[PDB]
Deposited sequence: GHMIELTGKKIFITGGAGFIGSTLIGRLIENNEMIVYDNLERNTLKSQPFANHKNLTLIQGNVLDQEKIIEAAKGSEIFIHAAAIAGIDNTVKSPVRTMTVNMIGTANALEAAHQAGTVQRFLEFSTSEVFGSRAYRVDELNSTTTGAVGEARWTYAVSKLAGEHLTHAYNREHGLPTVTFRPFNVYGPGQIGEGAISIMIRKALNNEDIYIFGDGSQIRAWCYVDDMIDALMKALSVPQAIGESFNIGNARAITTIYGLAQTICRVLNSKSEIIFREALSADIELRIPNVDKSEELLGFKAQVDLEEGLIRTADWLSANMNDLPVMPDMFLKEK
């Protein structure tokens, strides 16, 4: 049945983070929202709505199976967003990435299952699941091994999610965002770095031959998809790739786009890459269109400008090298 996103108890693991903070902003006026988060990151505390009457912060680890079961009782929409995704974090501690992502998802599924009240379980996976298949434990550089580690940790969570769907009829939705950019993101990914350089006409360096592919999704597009995924009955039992087919580019092509759209004079320079990466193919987004009725509306030019606007407005809150 269609779910109306008002008057619901919404439980969000990882809810202190970027995506979770964003979704809270959008739903908190009309719903009780409980964040379950170990505050490894805390985007949420810096929002207007951090102290809303409808908002609860439970500090907890998804690896604590007992605590997540209790905290999730009565919840009607369960959103599982807690994870470790950082490449450098994964180089250093692959065990923590694997464990948090695989066992955390098991634990979240079990909590949702035991609650008995969950009308939608939404599991955040990742697009790199697709590319990951053409590599092997048996068989790249530190970056590549860490990206593989991340991807397979998320794939294992999808497998668990499927088993709960099949065995228990848990109403699951697997949600795989392309890399999200936009206002709100502080971060040190290519878009935020390159916009910041371009705005000041600083040199932009391309590590490698610049032909590596990255797909993006603008923040507001990802959120619109998420509301559909959380609501429409056709999402249940289904997996979705969430992004913009028009926002798939090479890193060199991204640098040219950003400099062009911002009227930047930045010079773009080729450097040697610091580590070999693995090449992953970008998945198709048609099923999101077909079943969620979702088609991304914010193309790169618009998205990059809106992002550059927010970065300039908020230029006192980061620094990098």
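For this chain, the deposited residues without C-alpha positions form the stretches 1, 141 to 145, 328 to 335, given in sequence order.
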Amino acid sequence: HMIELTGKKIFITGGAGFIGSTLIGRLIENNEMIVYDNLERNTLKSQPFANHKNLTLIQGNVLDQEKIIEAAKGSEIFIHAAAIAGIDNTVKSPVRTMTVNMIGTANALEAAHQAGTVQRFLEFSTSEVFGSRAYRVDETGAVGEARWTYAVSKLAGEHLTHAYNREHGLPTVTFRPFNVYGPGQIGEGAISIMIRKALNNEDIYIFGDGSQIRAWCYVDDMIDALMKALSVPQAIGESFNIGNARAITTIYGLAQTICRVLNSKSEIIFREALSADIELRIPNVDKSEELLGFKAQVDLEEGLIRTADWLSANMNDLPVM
From here on, numbers count along this sequence of modelled residues.
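The mean C-alpha temperature factor is higher for 284 to 292 when 64 to 72 and 284 to 292 are set side by side. Two stretches are in play, 179 to 187 and 148 to 156, and the higher mean C-alpha B-factor belongs to 179 to 187.
When the CA B factors of the chain's modelled residues are split into thirds, the value for residue 202 lands in the highest one. Ranked within its chain, residue 25 lands in the highest third, by CA B factor from the PDB record.
Ranked within its chain, residue 12 lands in the middle third, by CA B factor from the PDB record. Residue 298: CA B factor lies in the lowest third for its chain, per the PDB record.
In the deposited entry, the Cα temperature factor of residue 42 places it in the highest third of its chain's modelled residues.
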